[PDB]
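Enquirer: quick one, what's the 3D model for this:
(4 chains)
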Amino acid sequence: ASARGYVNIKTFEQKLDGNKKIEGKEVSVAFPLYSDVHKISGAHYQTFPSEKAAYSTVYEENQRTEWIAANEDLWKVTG
Amino acid sequence: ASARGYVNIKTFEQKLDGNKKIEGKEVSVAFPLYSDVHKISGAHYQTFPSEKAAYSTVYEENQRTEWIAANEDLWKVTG
Amino acid sequence: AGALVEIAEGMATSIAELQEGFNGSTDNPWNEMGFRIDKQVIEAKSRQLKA
Amino acid sequence: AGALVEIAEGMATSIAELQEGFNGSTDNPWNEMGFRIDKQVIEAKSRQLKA
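Expert: Residues are numbered from 1 along each chain as shown, chains lettered A, B, ... in the order given. Below is the structure:
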């Protein structure tokens, strides 16, 4: 566990272009990892703190370069 | 991993009685576990903090009842 | 080459607090400094001539 | 070598006028700036000797 807190990001996907999507992803983040680096803006999310991870995808105290790749990938454009 | 710090307790074994001992125990403790419960006094020890556990037997953030049994087991008398 | 660089640091104040047998710790002495005071001795070597 | 030179310029007032969804335009938000405010933490380390 992270033993501090979890900032749970719930992103809501939209139709970006013709028959395309920006995929929404429900994800949890260790609260010290979230405060340090979080890219969420304009991503159409809703965030809440929690004691235990509230979503299946979890990023613990040490991921960083794994999470930093995931929070920018909230904008992934798929066909 | 405790991700914070480890208080490292090294107890030096001694001859308590005729052909008996209190054996020495090299153990590390997650610092937020060490501040909560540490029974160490008069135990013939020495303590140093470190970012990474310096001894083999390690008690991370969550053991408690498994560590609380261990710290007061530093007084186990052996033959 | 900056590989092996050179430091000095302190003493974790949990170690310095109990130093040489406080709170039941053992085998953690303080370091100490003495002064030696050793002496040297010289002799007077002669010298001389004749005519 | 002058091939690739370095410039800075402004925003055509056709674009600047309608910025972030005016007159029906879309996808063109304004730029923004924040500030951050993080912190550092130091700890005193002891030191000591004996005679």
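Enquirer: for the rest of this, base every contact and every neighbour count on C-alpha atoms.
Expert: Fine.
Enquirer: neighbours of the closest residue in space to residue A:11 that isn't next to it in sequence, how many?
Expert: Nearest residue to residue A:11 in three dimensions, chain neighbours excluded: residue A:45, at 4.1 Å (CA to CA, 6 or more residues apart in numbering or on different chains). When neighbours are defined as other CA atoms under 10 Å in any protein chain shown, residue A:45 has 17 of them.
Enquirer: go on, residue A:31?
Expert: Neighbours of residue A:31 (other CA under 10 Å): 21.
Enquirer: swap in residue A:35?
Expert: Per other CA under 10 Å, the neighbour tally for residue A:35 reads 10.
Enquirer: now it: phi and psi?
Expert: When quoted as degrees, to the nearest 10, the phi and psi of residue A:35 stand at phi -60, psi -40.
Enquirer: neighbours around whichever residue of chain A sits closest to chain C, how many?
Expert: Among all residues of chain A, residue A:3 sits closest to chain C, at 24.6 Å; criterion: CA to the nearest CA. Neighbourhood size, residue A:3 [other CA under 10 Å]: 16.
Enquirer: what about it, which SS state?
Expert: Under the three-state scheme (DSSP: H, G, I helix; E, B strand; the rest coil), the conformation of residue A:3 reads as coil.
Enquirer: now do the contacts for it.
Expert: Contacts for residue A:3 (CA atoms under 8 Å, 6 or more residues apart in numbering or on different chains) come out as residue B:61.
Enquirer: how much space separates whatever residue of chain A ends up closest to chain D from residue A:30?
Expert: Of all residues in chain A, residue A:36 sits closest to chain D, at 9.3 Å by CA to the nearest CA. The gap separating residue A:36 from residue A:30 is 10 Å, by CA to CA, to the nearest Å.
Enquirer: looking at those two, which is more packed in?
Expert: residue A:30 (26 against 9).
Enquirer: can you pull the contacts of that one?
Expert: Contacts of residue A:30 (CA under 8 Å, 6+ apart): A:2, A:4-7, A:58-61.
Enquirer: ok, and the most crowded of these?
Expert: residue A:6 (28 neighbours).
Enquirer: looks like it contacts residue A:27 (just checking).
Expert: No - with contact defined as CA atoms under 8 Å, residue A:6 does not count as touching residue A:27 (9.8 Å).
Enquirer: which residue, other than its chain neighbours, is closest to residue 32?
Expert: If you meant another chain, say so; for now it's chain A. Closest to residue A:32 by CA to CA, 6+ apart is residue A:61, at 6.8 Å.
Enquirer: meant chain C actually
Expert: Nearest to residue C:32 is residue D:50, by CA to CA, 6+ apart, at 4.5 Å.
Enquirer: what's the spacing between the residue lying farthest from the centre of chain A and residue A:79?
Expert: Distance from the C-alpha centroid of chain A, by CA atoms, centre = their mean, peaks at residue A:18 (25.1 Å). Applying CA to CA, the value for residue A:18 to residue A:79 is 9 Å.
Enquirer: show me what contacts the residue most central in space within chain C?
Expert: By CA atoms, centre = their mean, the mean C-alpha position of chain C lies nearest to residue C:33, the distance being 5.7 Å. Neighbour list for residue C:33: D:49-51 [criterion: CA under 8 Å, 6+ apart].
Enquirer: for residue A:25, see how far away it is.
Expert: Residue C:33 is 65 Å from residue A:25, by CA to CA.
Enquirer: contact residues of chain C facing chain D?
Expert: For chain C, the residues in contact with chain D (CA under 8 Å from any CA of the partner chain) are C:10-13, C:16, C:30-34.
Enquirer: any of those residues buried? List them.
Expert: C:12, C:16 (16 or more other CA atoms under 10 Å in any protein chain shown).
Enquirer: now the residues of chain C next to chain D in JSON lines, with secondary structure?
Expert: Formatted as JSON lines, the residues of chain C next to chain D follow (three-state DSSP):
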{"residue": "C:10", "secondary structure": "coil"}
{"residue": "C:11", "secondary structure": "strand"}
{"residue": "C:12", "secondary structure": "coil"}
{"residue": "C:13", "secondary structure": "helix"}
{"residue": "C:16", "secondary structure": "helix"}
{"residue": "C:30", "secondary structure": "coil"}
{"residue": "C:31", "secondary structure": "coil"}
{"residue": "C:32", "secondary structure": "strand"}
{"residue": "C:33", "secondary structure": "coil"}
{"residue": "C:34", "secondary structure": "coil"}
